[PDB]
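Engineer:
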Amino acid sequence: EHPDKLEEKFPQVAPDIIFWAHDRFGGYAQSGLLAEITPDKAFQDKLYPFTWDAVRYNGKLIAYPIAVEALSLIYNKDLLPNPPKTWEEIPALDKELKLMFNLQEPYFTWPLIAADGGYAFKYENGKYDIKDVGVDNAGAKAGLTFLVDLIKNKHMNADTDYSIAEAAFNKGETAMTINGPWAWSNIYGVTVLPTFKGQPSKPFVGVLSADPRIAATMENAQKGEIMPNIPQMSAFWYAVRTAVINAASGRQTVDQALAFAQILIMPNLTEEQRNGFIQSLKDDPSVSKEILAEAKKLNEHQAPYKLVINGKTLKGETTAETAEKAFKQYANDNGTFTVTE
Amino acid sequence: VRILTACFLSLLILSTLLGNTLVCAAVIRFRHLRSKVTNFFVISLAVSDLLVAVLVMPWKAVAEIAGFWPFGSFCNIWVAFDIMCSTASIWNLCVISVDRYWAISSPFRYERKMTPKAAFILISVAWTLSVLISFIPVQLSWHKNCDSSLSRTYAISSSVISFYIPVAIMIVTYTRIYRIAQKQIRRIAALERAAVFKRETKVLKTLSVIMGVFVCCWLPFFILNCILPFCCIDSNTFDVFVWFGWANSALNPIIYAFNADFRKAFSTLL
Amino acid sequence: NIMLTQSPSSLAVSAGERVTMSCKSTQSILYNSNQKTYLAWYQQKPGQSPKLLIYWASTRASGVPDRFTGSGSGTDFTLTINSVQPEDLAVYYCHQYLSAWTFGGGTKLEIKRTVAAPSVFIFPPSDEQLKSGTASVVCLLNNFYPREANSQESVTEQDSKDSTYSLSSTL
Amino acid sequence: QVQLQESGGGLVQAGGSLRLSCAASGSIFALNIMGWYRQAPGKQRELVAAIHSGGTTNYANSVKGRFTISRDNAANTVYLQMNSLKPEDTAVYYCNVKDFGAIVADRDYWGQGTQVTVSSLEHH
Amino acid sequence: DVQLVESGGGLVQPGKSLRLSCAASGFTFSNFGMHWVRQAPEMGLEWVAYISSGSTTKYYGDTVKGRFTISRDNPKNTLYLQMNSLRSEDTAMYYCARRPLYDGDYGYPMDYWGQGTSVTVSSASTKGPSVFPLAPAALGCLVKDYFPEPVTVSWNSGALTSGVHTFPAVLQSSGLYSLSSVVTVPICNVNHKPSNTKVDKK
Ligand SMILES: CCN(CC)C(=O)[C@@H]1C=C2c3cccc4[nH]cc(c34)C[C@H]2N(C)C1
Ligand SMILES: OC[C@H]1O[C@H](O[C@H]2[C@H](O)[C@@H](O)[C@@H](O)O[C@@H]2CO)[C@H](O)[C@@H](O)[C@@H]1O
């Protein structure tokens, strides 16, 4: 069985076994939807260690890896002899013929955004930084502005999806697309994704858990990074998705979409505060940076000598010549240094 | 006809005095009027205007009535006071226009940079310039009944530093203000048309009533003062133009001190 | 920072007499969730910390005598004592804890009683005081009912046991 | 005459959001500034936010990023969003309309403002 | 029962720092929030600062924001108030008061208050008190020549309470304070913490 929106159907339902990427298993295990199956050493030996590392979370093994998937540039040899090496040359080649991929899912367009340095949940000192969300940096901004510029240049449709892209590529209409190993059974040549601003594309590597093509896939993978396993990924993805729906459709600018994504990523903010920040970013983008700074500030808020006298009538204590003279004056006004009478 | 001339001139002096005194009283009596920094400039202007009606106009009026200059050993100081007051009023108008432009173009920076200290410094600079151009040359015999003939170079320099440059500054200031207002009105009209000229005409009429009055009042006087030394024109027309430039002092508060706030102040004061 | 005001600055009433004090607020302090007005009264005796008497402007605290009653709404509140006891001589402060915590000016209450006769006494300066050069004689008048009897004087606060003042004067 | 009808103020828990709205009825010149000020009991009236007809906005150093002012396209309706409210934000919020109809001066219109209270109680 | 004590007060110069401390006992200090309040004759009661249970949110007054800093140490059940840039108006008696849990649901405001510490700010130096016994039935003792206000007197070490009258101190012409403690019988002890003096009148 393969119900639609499986990643979104499973949470509300919890099938005996689920076959999906490991990035979603984090949120599932955070609430206790997946059963902790006990693995065997003989079963761990027959599998690669990097797969176990990718599927590892909180120091425990959740499910068994099946295979490694990564995006690659699939082009038709009948249309062009060699594939473009840099994104900047696609706008030209395209206009010389007249690239098309899934514009709805953010996983297909994230490589272009992260090519120039876009990142999320930075991996520092061997751990992910949930507070350091760099989806609003210069790299992601350049990637998304280039994406919307290509969309506006009559190069890619704003409503295209995986089905339309596949149907157009099978008929020989489009010259190239971006797809992973799952599209080979339905479909030529495949290669690494083109570079952007000199920097290489960073596609996420989705390891499923419970030859020249493989070479290109592994090269795209090692050029990218493995998807995190923190529960904050799923929601984050949705945020990015909205940005995509806010970028290709032209509903708002790039800065507004990135600010919306940043606000949606913050889980600690309630619904009312989230809507307030969204409206603040809508009605005033001039200070959007300060608004995001205040939103972050609020995110960490809702996160779950002495003298002794022994006279005949006056006795007790009170508080070297510089002090002895003052003590003598005080004693005179009263009618360790000790004085008695 | 001399009697009628006297009547008219006296009426003008009395109206100028009454306007200046009313403006000064309405400004110094209420606190919310002095809260605005720009109003300070107006005060200076008013003060200058007041002097024009006290130490300048009455003496010339009585001299023209009598037909000569009875005030012996007073012509030099009188001409000095006249030049000082004229330069002070012109520079006050110029700085008022500059302040209005700075407030309209960039109000966020105007509210933070323009402070009472800055207004006082500008007023003091204008007064010192007026003094340096009026008293220093006259007392040192550089400008040379009484008629006070004028040299060519000194007259040209005074007309250039006290009328031409401030006039050009005010012209460019009002031009920038008009361009900004026209851009805003065009934006509003485009928005209204997308949602589905009287404002520009009103702005033009306001700018005209503001500038053209002083222009027609003070242009021919300086033109004659610059043409006569080079040579001719008669003294009657020169005196008429001087009286027009002086009546401009009385007309000033009607243009610069007749807004809604000043109207309410005059209504609640009397 | 809601400001509160107490109209009675200082008043004196006889023992057992029904007294009342009003309090004015600058704005409403009603909570829309529980529909409870957030206002409280504190009692501070001479030489003691404030003591909570009534909270919510309607509910009396534990251990507080029943003579104290709180009422009102909106911006007008009232604290009434049906029988002011001699032990009730203290300062009453209104306080609000919905918005930023602020306190009022305080209402000083005094006890009126009969005209008690004062006991007079005099003490010359001791030898130890004359040694320093001071010769200030000390006059003392205990048990004054009224507060009025190089010189300086000091009056003791009206004790909550006999309700009588005591004065002293020195040169 | 120019009328300013303000609304949206009231009681709100700390950290919440609130949207105040001021409708300006009457003939207003193009060049004009619309701002929101706050006045607390005992203290003086201070500036909170302002916006010019050209789209530029200005905020104070204590409300920068937290508060956001905006104006409508043609309705001349001013909106003020406030997020992450603090206990010290309770005050009377007035709407100041500075009109430059007379180039030689400016006219200030007020609408008497509205009260805003920020709670500090704890729950659960 | 709930008990709160304060310490750290005394005589300090304007602009100097002061770390007032408060010790709480008889309850789970870690659960209840704390408030520092101050009272003076010129302003009456005036809330100064507030700290929550977990030190997540801290609130300060309008005239003290930035100058004072409130904190708490739960492992030792202690509260601290660091006052800096002390002005002339900061002189007052400072009390600590707990905050009942979830006042929004139950409405219980600050109920338990400490003993309070008097803080005085001035450029003058400390000065020990001088006692003068005034014998006559009634006998008194005059405490003079002491600038700091905090001072207490106990007749016969507190053996009796009836008939004792400690007159409030007044500002002497020389800038010092003077008071009288008289007992009407049918020796005492005077303590002055700011100068740390324990004197016997007779
Ligand atoms: C016919 C003779 N008279 C009168 C005695 C003048 O020329 C006056 C001289 C003036 C004069 C000279 C030089 C510089 C100046 N700035 C401003 C004025 C000014 C004013 C101007 N007044 C109006 C006339
Ligand atoms: O919506 C984006 C989507 O991306 C991922 O799923 C990829 C996955 O890498 C492949 O197994 C294949 O199914 O293509 C998918 C594109 O939809 C993430 O695993 C998922 O969380 C995310 O929603």
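Chains as they are written, first to last, in the numbering used here: chain A, 543 to 883; chain B, 6 to 275; chain C, 25 to 195; chain D, 210 to 333; chain E, 6 to 207.
C-beta atoms are modelled at their ideal positions from N, C-alpha and C, and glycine is treated no differently.
Distance check for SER111(B) and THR178(B), CA to CA, integer angstroms please.
Structural biologist: Numbered from its first residue, the second sequence carries residue 178(B) at position 173. Numbered from its first residue, the second sequence carries residue 111(B) at position 106. Rounded to the nearest angstrom, the two C-alpha atoms are 13 Å apart.
Engineer: Residues in the same chain with beta-carbon distance under 8 Å from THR593(A), minus the five sequence neighbours each way, listed in chain order, please.
Structural biologist: Counting from one through the first sequence, the residue named residue 593(A) turns up at place 51. Here the set comprises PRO607, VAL610, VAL749.
Engineer: Ligand 1 and residue 292(B): does the residue's C-beta get closer than 7 Å to at least one heavy atom of that ligand?
Structural biologist: This structure cannot settle anything about residue 292(B), because the visible part of chain B is limited to 6 through 275.
Engineer: Return yes when at least one heavy atom of ligand 2 lies under 7 Å from the C-beta of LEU639(A), else no.
Structural biologist: One-based indexing of the first sequence puts residue 639(A) at position 97. Every heavy atom of ligand 2 is 7 Å or more from the Cβ of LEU639(A), so no.
Engineer: Within 10 angstroms of the Cβ of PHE585(A), are there 16 or more other Cβ atoms? Answer buried if so, exposed if not.
Structural biologist: Numbered from its first residue, the first sequence carries residue 585(A) at position 43. By the neighbour-count rule (16 or more Cβ atoms within 10 Å), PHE585(A) is not buried but exposed.
Engineer: Under 8 Å, Cβ to Cβ, is there at least one residue of chain A near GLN290(D)?
Structural biologist: The sequence position of residue 290(D) within the fourth sequence is 81, counting from 1. So yes, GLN290(D) belongs to the interface.
Engineer: How many whole angstroms separate the CB atoms of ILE101(B) and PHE45(B), which I take to be in contact at a CB cut-off of 8 Å?
Structural biologist: Mapped onto the second sequence, residue 101(B) falls at position 96. Mapped onto the second sequence, residue 45(B) falls at position 40. Not really, about 10 Å apart at Cβ, beyond 8 Å.
Engineer: With DSSP collapsed to three states, give me the class of residue 17(C).
Structural biologist: For residue 17(C) there is no data in the structure shown, the boundaries of chain C being 25 and 195.
Engineer: Find out if the Cβ-Cβ distance for the pair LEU227(D), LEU294(D) is shorter than 8 Å.
Structural biologist: On the fourth sequence, position 18 is the one that residue 227(D) refers to. On the fourth sequence, position 85 is the one that residue 294(D) refers to. Yes. Within cutoff.
Engineer: Helix, strand or coil for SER91(B), going by three-state DSSP, please let me know.
Structural biologist: Here the question's residue 91(B) lines up with position 86 in the second sequence. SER91(B): helix per DSSP, three-state reduction.
Engineer: Restricting to Cα atoms, I'd like to know which of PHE688(A), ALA682(A), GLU647(A) is closest to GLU630(A).
Structural biologist: In the first sequence, the residue the question calls residue 630(A) occupies position 88. The shortest Cα separation from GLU630(A) among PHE688(A), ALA682(A), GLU647(A) belongs to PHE688(A).
Engineer: Cutting at 6 Å between CB atoms, please list the residues of its own chain near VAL52(B), excluding the five before and the five after it.
Structural biologist: As a working note, residue 52(B) is residue 47 in the second sequence. Answer for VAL52(B): no residue qualifies.
Engineer: Can you tell me whether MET48(E) is buried or exposed? The criterion is at least 16 other CB atoms within 10 Å of its CB, across all chains shown.
Structural biologist: The sequence position of residue 48(E) within the fifth sequence is 43, counting from 1. Classification for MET48(E): exposed.
Engineer: Let's test the definition: count the other Cβ atoms within 10 Å of the Cβ of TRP96(B) and tell me whether it reaches 16, buried, or not, exposed.
Structural biologist: The residue you call residue 96(B) lines up with position 91 of the second sequence. It counts as buried.
Engineer: Can you list, in chain order, the stretches of the beta strand (DSSP E) that have 3 or more residues and sit fully within the stretch 58 to 124 of chain C?
Structural biologist: As far as the stretch 58 to 124 of chain C is concerned, its whole beta strand (DSSP E) runs of at least 3 residues are 64 to 68, 75 to 79, 92 to 97, 100 to 105, 115 to 120.
Engineer: Excluding five sequence neighbours on each side, which residues of the same chain lie with their C-beta closer than 8 Å to the C-beta of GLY235(D)?
Structural biologist: Here residue 235(D) corresponds to residue number 26 of the fourth sequence, with the count starting at 1. Once the five neighbours on either side are set aside, the close Cβ partners of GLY235(D) are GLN210, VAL211, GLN212.
Engineer: Check distances from the C-beta atoms of the stretch 66 to 83 of chain C to those of chain E and list, in chain order, the residues that come in under 7 Å.
Structural biologist: Under the 7 Å Cβ criterion, the stretch 66 to 83 of chain C contributes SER73, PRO74, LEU76, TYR79, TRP80.
Engineer: Between the C-alpha atoms of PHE309(D) and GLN67(C), what's the straight-line distance to the nearest angstrom?
Structural biologist: By one-based count along the fourth sequence, residue 309(D) stands at place 100. By one-based count along the third sequence, residue 67(C) stands at place 43. Distance between the alpha carbons of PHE309(D) and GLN67(C) is about 56 Å.
Engineer: Just to check my reading of the structure: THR882(A) and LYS848(A) have Cβ atoms closer than 8 Å, yes? What is that Cβ distance to the nearest angstrom?
Structural biologist: Within the first sequence, numbered from 1, the residue matching residue 882(A) stands at position 340. Within the first sequence, numbered from 1, the residue matching residue 848(A) stands at position 306. Going by Cβ atoms, the distance from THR882(A) to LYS848(A) rounds to 15 Å, so no, they are not a contact pair.
Engineer: What are the start and end residues of the beta strand (DSSP E) that includes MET88(E)?
Structural biologist: As a position in the fifth sequence, residue 88(E) is number 83, starting the count at 1. Here the beta strand (DSSP E) through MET88(E) covers 83 to 88.
Engineer: Measuring CB atoms only, is the stretch 546 to 560 of chain A touching the stretch 734 to 746 of chain A, in the sense that at least three cross pairs come out at less than 8 Å?
Structural biologist: In short, these stretches do not touch, since the Cβ pair count stays below three.
Engineer: Using 8 Å as the Cβ pair cut-off and three pairs as the minimum, do the stretch 173 to 183 of chain E and the stretch 31 to 47 of chain B touch?
Structural biologist: These segments do not touch.
Engineer: Quick check on DSSP: helix, strand or coil for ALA662(A)?
Structural biologist: To locate residue 662(A), count along the first sequence from 1; it is residue 120. It is coil, neither helix nor strand.
Engineer: Tell me whether the beta-carbon of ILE672(A) lies closer than 8 Å to the beta-carbon of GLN821(A).
Structural biologist: Sequence index remark: in the first sequence, residue 672(A) carries index 130 (1-based). Sequence index remark: in the first sequence, residue 821(A) carries index 279 (1-based). Not closer than 8 Å, so no.
Engineer: Figure out for me which residue from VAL53(E), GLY109(E), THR131(E) has the closest Cα to the Cα of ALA102(E).
Structural biologist: Looking up residue 102(E) in the fifth sequence gives position 97. It is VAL53(E) whose Cα lies nearest to the Cα of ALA102(E).
Engineer: Any beta carbon of chain E sitting closer than 8 Å to that of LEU256(D)?
Structural biologist: Mapped onto the fourth sequence, residue 256(D) falls at position 47. It does not; no Cβ of chain E falls within 8 Å.
Engineer: Is the CB-CB distance between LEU615(A) and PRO623(A) below 8 Å?
Structural biologist: Taking the first sequence and counting its residues from 1, one reaches residue 615(A) at position 73. Taking the first sequence and counting its residues from 1, one reaches residue 623(A) at position 81. For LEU615(A) and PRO623(A), no; Cβs fall outside 8 Å.
Engineer: Look at the alpha carbon of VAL272(D) and the alpha carbon of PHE73(E), and state the distance between them as a whole number of angstroms.
Structural biologist: Within the fourth sequence, numbered from 1, the residue matching residue 272(D) stands at position 63. Within the fifth sequence, numbered from 1, the residue matching residue 73(E) stands at position 68. The straight-line gap from Cα to Cα measures roughly 22 Å.
Engineer: How would you list, in chain order, the residues of chain B whose beta-carbon sits under 8 Å from the beta-carbon of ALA311(D)?
Structural biologist: Residue mapping note: residue 311(D) aligns to position 102 of the fourth sequence, counting from 1. Under the 8 Å cutoff, chain B gives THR211, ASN264, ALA265.
Engineer: Going by DSSP, what residue range makes up the beta strand (DSSP E) through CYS304(D)?
Structural biologist: Here residue 304(D) corresponds to residue number 95 of the fourth sequence, with the count starting at 1. Taken as a continuous stretch (DSSP letters only), the beta strand (DSSP E) holding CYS304(D) covers 300 to 308.
Engineer: Using a Cβ distance threshold of 8 Å, determine whether the stretch 198 to 207 of chain E contacts the stretch 123 to 140 of chain E, with at least three qualifying pairs required.
Structural biologist: At 8 Å Cβ cutoff, the stretches touch.
Engineer: Of the residues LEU256(B), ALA85(B), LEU27(B), which one's Cα is nearest the Cα of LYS269(B)?
Structural biologist: Looking up residue 269(B) in the second sequence gives position 264. Comparing Cα-Cα distances from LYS269(B) to each of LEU256(B), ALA85(B), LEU27(B), the minimum goes to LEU27(B).
Engineer: What residue from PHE276(D), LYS252(D), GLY224(D) has the CA that sits closest to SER828(A)'s CA?
Structural biologist: Looking up residue 828(A) in the first sequence gives position 286. Selected option, being the one with the closest Cα: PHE276(D).
Engineer: Please check if any C-beta of chain D sits within less than 8 Å of the C-beta of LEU806(A).
Structural biologist: Counted from its first residue, the first sequence places residue 806(A) at position 264. So no, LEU806(A) is outside the interface.
Engineer: According to the neighbour-count rule (16 or more other Cβ atoms, all chains shown, within 10 Å of its Cβ), is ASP753(A) buried or exposed?
Structural biologist: Translated into positions along the first sequence, residue 753(A) becomes position 211. Counting Cβ neighbours within 10 Å, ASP753(A) comes out exposed, since fewer than 16 surround it.
Engineer: Which residues of the stretch 37 to 69 of chain C have a Cβ closer than 9 Å to any Cβ of chain D? Give them in chain order.
Structural biologist: Of all residues in the stretch 37 to 69 of chain C, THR50, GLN51, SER52, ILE53, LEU54, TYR55, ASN56, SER57, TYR62 have a Cβ within less than 9 Å of some Cβ in chain D.
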